[PDB]
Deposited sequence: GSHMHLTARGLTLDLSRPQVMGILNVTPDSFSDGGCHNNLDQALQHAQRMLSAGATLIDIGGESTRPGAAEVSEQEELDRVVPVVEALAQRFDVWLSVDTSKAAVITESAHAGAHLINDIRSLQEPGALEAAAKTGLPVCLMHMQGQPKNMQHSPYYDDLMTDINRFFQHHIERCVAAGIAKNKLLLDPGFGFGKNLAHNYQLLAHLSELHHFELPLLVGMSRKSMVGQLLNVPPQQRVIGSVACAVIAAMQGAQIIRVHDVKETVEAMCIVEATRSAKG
């Protein structure tokens, strides 16, 4: 319905687009490029920017606290001084949660739902809203007896593990984790039954943008997955997903306009 952070509120009356700002290889300072990209997504109509410096697509190895901080935390500083936008950090490290909060992050986006050591206490201590992600968890054929029950149970579990650590239930966001331990069938069943997760009375955030769930249906490169990614965005928005995490902000934002105009007539 709304979000609260660092004095600012965000409107979940209508679907909100989050621009992915990855900071791994930028390809002219690397910060400069990040800032230009951020800028371009704001213009386009994102009202949140997700800053990630973790090569979290399967394989490709891992990252250490010190390396993530150096890559992530400057851009957090830079954007915060520069623009008025919800800034989100996708990280699982207590240190990156800590230092990014000081830097002016508005939202903690954790694909590991604070499972990492002290992450939970670091998160709680910032008083900032947290997004939790269903993951099935290392190379394994995903399987569920019943996918939605499993997602419902996972969230139930982690909402409580958060509410006991001191994070108000209304700091919490839920993301069912498209493409995380989910085959193609699973992803579309989850898309299909998305509206069901509205029962926790928390906002939903979803990320389908240029994922293999579009690639494997349309058999195209990531940069040619714009339309399908958008079509996913439209299907989720019609089921009342509050926040859409995307690469292609301009297209998606236009798309949400049609959705909102349709949800108003």
Deposited seq positions with no alpha-carbon in the coordinates run 1 to 3, 31 to 36, 147 to 150, 279 to 280
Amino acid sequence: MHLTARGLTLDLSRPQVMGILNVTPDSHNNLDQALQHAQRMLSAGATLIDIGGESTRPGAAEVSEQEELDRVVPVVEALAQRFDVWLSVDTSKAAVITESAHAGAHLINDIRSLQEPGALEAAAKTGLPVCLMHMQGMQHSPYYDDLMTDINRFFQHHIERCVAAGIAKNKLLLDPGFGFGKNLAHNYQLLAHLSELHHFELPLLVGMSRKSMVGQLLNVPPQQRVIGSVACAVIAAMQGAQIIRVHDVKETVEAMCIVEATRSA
From here on, numbers count along this sequence of modelled residues.
Taking the other compared entries of this protein, do a third or more of them lack coordinates for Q39? no
In at least a third of the other compared PDB entries, does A164 have no coordinates? no
The stretch carrying the higher mean Cα B factor in the deposited entry, 186 to 194 or 90 to 98, is 90 to 98
Averaging the C-alpha temperature factors as deposited, the higher value of 12 to 20 versus 243 to 251 falls on 12 to 20
Looking only at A78, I151, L174, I111, the Cα with the top B-factor belongs to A78
The residue of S212, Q223, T47, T56 with the maximal C-alpha B-factor according to the PDB record is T56
For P129, the third of its chain by CA B-factor is the middle
For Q66, the third of its chain by CA B-factor is the highest
In terms of its chain's C-alpha B-factors, the third that includes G166 is the highest
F83: CA temperature factor from the record, placed by chain third, in the highest
Among the modelled residues of its chain, the C-alpha B-factor of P117 falls in the third labelled highest
